[PDB]
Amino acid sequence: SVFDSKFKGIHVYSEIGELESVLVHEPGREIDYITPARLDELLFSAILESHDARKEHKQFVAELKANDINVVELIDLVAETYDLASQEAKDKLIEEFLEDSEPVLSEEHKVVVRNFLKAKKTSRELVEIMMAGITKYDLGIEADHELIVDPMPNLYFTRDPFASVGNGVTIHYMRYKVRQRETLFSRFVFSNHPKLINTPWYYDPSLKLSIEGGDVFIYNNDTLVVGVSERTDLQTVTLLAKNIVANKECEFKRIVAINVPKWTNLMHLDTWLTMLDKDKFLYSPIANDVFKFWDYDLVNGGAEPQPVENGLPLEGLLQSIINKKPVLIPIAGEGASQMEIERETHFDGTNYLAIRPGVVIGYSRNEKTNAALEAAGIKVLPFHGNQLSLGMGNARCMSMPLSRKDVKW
């Protein structure tokens, strides 16, 4: 199994607890289909050099493993799940894939595609092709366009389709179709894998209100933090609060929604503010005047708690969550120039993955931010990911914790 023996189920009650299991995805053939004319549509700042990108991702994975972390590759998890899934589950995955296809498939092409998918010899090949996209060449047919089924180039950012929330999970209604299609696999593994089937869902794609994993944070057993960004709307958080209040076993007591600049290239709260240690936060000063907060009471707020604006400054807001004096580390460090803050913020300089309290992994490129993290007492385990970074996401974006060890608060 992709899961080691200790993995029981989803268990993520912090952003910093010693990481046990994490989900990743090395960019497959899907990124080979990104073209100049479709960059904006496919959500990339520039075309990645595929070979280097895959090499960079392997170093990322290696670093994770060197820290005794159980790394799970999306493709293998999906294929493992497919292998032990009921025939109906197997056929439904193929039908839903066809129905949610982009572009929308004429009936003739649907038949050809279904037959092509079903003719795949192995479980992994099936999954690979569904993620990669399908060309007229692959099908052996004539067509007025090369991509019969578009790629899912953003799959390597496993942070976004679904988020582990305590022992539950939120499978999202993503903002753009190009990524919405990714939640097909999320629904598949949680609805069918032995180790995940019991996982409760606090949100699902049918809900139609936009929300993505990069905006979801698990600060502690009591408080969740969700961004109001280019990808997640406040009304969606309100629905989430409702769904959580409706789940009895869920023990979270509060949600703090945090407003951030609605930039298409820094699209989630995690590209503006992250929690990297018990009392340490990394943020980009560029959002100084935009940050705005709302509290949701999941205890005494009724079955449908509403957002109550919290007028505290960022430091006071954070202190109200952890009950300790918070340390705020600015992108590029004290004394950085605006050019440096803009450039390092641009390359997701706030987006580090904490693998243990105060120990993080992130791109080596943001050197001034790396220096600032070290100076603040945080250990940085850099890895080279210049190509990967062109997809506009750093290490947090390319990971989805499945289980973290308890934090000694």
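Quick note: we count residues from 1 along the sequence shown, nothing fancier.
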65-73 or 25-33, whichever carries the higher mean Cα B-factor: 65-73
- prompt: According to the deposited model, is the average Cα temperature factor higher in 104-112 or in 258-266?
  reply: 104-112
message: Out of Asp215, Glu146, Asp150, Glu309, whose C-alpha atom has the biggest B factor in the entry?
response: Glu309
query: According to the deposited entry, which of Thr81, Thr135, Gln319, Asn154 has the largest Cα B-factor?
result: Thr81
field: B-factor third for the C-alpha atom of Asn323 within its chain
entry: highest
field: B-factor third for the C-alpha atom of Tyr283 within its chain
entry: lowest
field: Entry-reported Cα temperature factor of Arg54, expressed as the chain third it lands in
entry: middle
- request: Can you work out whether the C-alpha temperature factor of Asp160 puts it in the lowest, middle or highest third of the chain?
  value: lowest
- request: Report the third (lowest, middle or highest) to which the CA temperature factor of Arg365 belongs, ranking only the modelled residues of the same chain.
  value: lowest
